[PDB]
Structures are given as C-alpha cells and as structure tokens.
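Every chain is numbered from 1, with letters handed out A, B, ... down the list of sequences.
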Amino acid sequence: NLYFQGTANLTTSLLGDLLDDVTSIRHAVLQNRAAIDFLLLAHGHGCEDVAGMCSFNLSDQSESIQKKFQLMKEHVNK
Amino acid sequence: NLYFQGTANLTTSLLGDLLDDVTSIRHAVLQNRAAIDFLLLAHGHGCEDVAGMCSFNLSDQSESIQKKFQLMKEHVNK
Amino acid sequence: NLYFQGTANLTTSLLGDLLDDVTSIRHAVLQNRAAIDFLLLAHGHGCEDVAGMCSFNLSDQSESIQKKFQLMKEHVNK
Ligand SMILES: [Cl-]
C-alpha cells in the first residue's frame with residue numbers, strides 16, 4: 001500500500017517538474033516565433049511567407065492538464 | 001482496486017494531453033528552425049554557419065511512445 | 001501485483017522516452033534563440049530589442065527529474 005503510494009507520489013513529483021519545464025519551453029518557442037516574424041518584417045516579408053509563422057495557437061491543454069494533475073495529487077496523496 | 005484504477009486512468013488521461021502538447025511544440029520548433037534558415041539564406045549564409053541549424057533530426061520517439069501509451073491504456077482500462 | 005508492476009514499468013518506459021524527447025526539444029529551442037540573436041546583431045539590434053531573446057535560462061529541472069526517475073525505476077522494477 002505504502003509501496004503503491006510511494007510509486008504514485010514519485011510519479012506526481014516528477015510530472016510536476018516536467019509540466020513546468022514543458023510550459024517554459026512552449027513560452028520560449030512562442031517568443032522565438034515572434035522574433036522571427038519581426039525579422040521577416042525587417043526583410044519586407046509577412047509571416048504568411050514562411051510555413052507556420054503566423055500561427056501562435058499551439059496545443060495548450062494546460063487547463064485540463066493542471067486540473068487532472070491536482071486531482072491526481074489529491075487522489076494519490078490523501 | 002478501483003482506487004488503483006482511478007490513479008492509473010488519471011495518469012493515462014494526463015499523459016495523453018501532455019504527449020499531444022509535446023508533439024505540437026516539436027512541430028513548431030522545426031518550423032521555426034526552417035524560418036531561421038531562410039533568413040540566414042537571405043543574409044548570404046548557410047545553415048552550417050550557426051550551431052545546429054542544419055539539423056532537423058530531433059529526438060522523436062513518437063512511434064515507441066504511442067505504442068507504449070496504447071498498451072498502457074489497454075492494460076489499465078480493461 | 002504483477003499487473004501493478006506491469007503498469008508501473010510501462011509508465012517508467014514511456015516517461016524515459018518522453019524525457020529524452022523534451023531534453024532534445026529544449027536544446028533545439030536554445031540553439032534557435034542563439035541563431036535569432038545572431039540575425040538581430042546582423043540588423044544592428046541587440047537581444048534586448050525583442051521580448052525574451054536575451055534569456056537562455058529556461059526551466060531546466062533535469063537534475064531533480066533524473067534523480068526522481070532513477071528512484072522510480074529502482075522502486076518499481078526491484
Ligand atoms: Cl524555437
């Protein structure tokens with residue numbers, strides 16, 4: 001039981017760290033895309049000239065992921 | 001038992017969301033790299049002039065990850 | 001018991017793959033940011049001119065994540 005609880009808690013702990021890292025990376029990718037679009041403007045080109053550069057709507061399921069994560073912690077660590 | 005099953009199902013649910021987000025981010029990073037390489041060309045430079053810019057072969061274990069994920073769901077949610 | 005062990009092992013296996021992919025992606029994002037900063041220099045602009053471009057300190061909890069992952073494997077697969 002406590003062995004099970006130990007496995008589950010390691011998993012939530014690790015997942016917490018990983019989710020924060022992934023959030024950080026998405027943030028950075030979007031900043032980078034905006035920088036690229038400024039450079040394209042500087043060359044007299046619009047974002048529509050390069051595949052994907054107009055798009056800032058990446059998959060972002062933070063809301064459902066964070067809710068599930070919280071439920072998981074409450075479920076596991078009670 | 002159902003408590004165990006509940007933990008495991010929350011984990012597969014969350015992981016599903018996270019895998020889709022990571023796929024999305026890798027996609028975007030590669031598009032961004034291609035855009036950078038077009039700009040370097042515009043300046044009269046090749047991708048070999050900037051560290052890593054020639055490389056589009058990121059770690060992509062989607063095939064093994066997706067198989068494991070499917071096995072995990074079938075194993076857990078039966 | 002072995003069913004539990006099977007679930008847990010699938011989870012560590014999948015997580016191992018995913019962590020390597022995320023590491024790879026962060027690497028790439030940082031290389032891309034450096035490339036963008038070289039292009040900004042080429043245009044006579046510093047990184048402070050574009051949001052986030054001076055920053056190479058993304059969330060990187062690889063040390064704690066890798067330790068937890070190793071503990072998880074030892075805990076689960078013993
Ligand atoms: Cl990027």
message: For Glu48(A), is the CD atom crowded, meaning more than 12 foreign heavy atoms sit under 6.0 Å from it?
response: yes
message: Check this for me: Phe38(A), atom CZ, are more than 12 non-hydrogen atoms of other residues, nucleotides or ligands nearer than 6.0 Å?
response: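 Counting neighbours around CZ of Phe38(A), 12 or fewer heavy atoms of other residues, nucleotides or ligands fall under 6.0 Å, so no.
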- request: Could you check if a side-chain atom of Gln61(A) sits within less than 4.5 angstrom of a side-chain atom of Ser59(A), using non-hydrogen atoms only?
  value: yes
query: Hey, does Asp49(C) have a side-chain heavy atom less than 4.5 Å from the side chain of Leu40(C)?
result: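 They are not in contact (no side-chain heavy atoms under 4.5 Å apart), so the answer is no.
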- request: Consider only side-chain N and O atoms of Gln66(A) and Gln70(A), and report whether a donor and an acceptor are under 3.5 Å apart.
  value: no
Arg26(A) and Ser62(A): side chain donor to acceptor below 3.5 Å: yes
message: When you measure from the side chain of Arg33(A) to the backbone of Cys54(A), do you find a donor-acceptor pair of N or O atoms at a distance under 3.5 Å?
response: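 Answer holds: no.
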query: If contact means a heavy atom pair closer than 4.5 Å, which residues of residues 13-22 of chain C contact chain A?
result: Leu15(C), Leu18(C), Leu19(C), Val22(C)
query: Taking every heavy-atom pair that is under 4.5 Å apart, which of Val29(A), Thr11(A), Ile25(A), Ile36(A) has the most such pairs with chain C?
result: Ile25(A)
statement: Bottom line for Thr23(A): the part with an atom under 4.5 Å from chain C's heavy atoms is neither
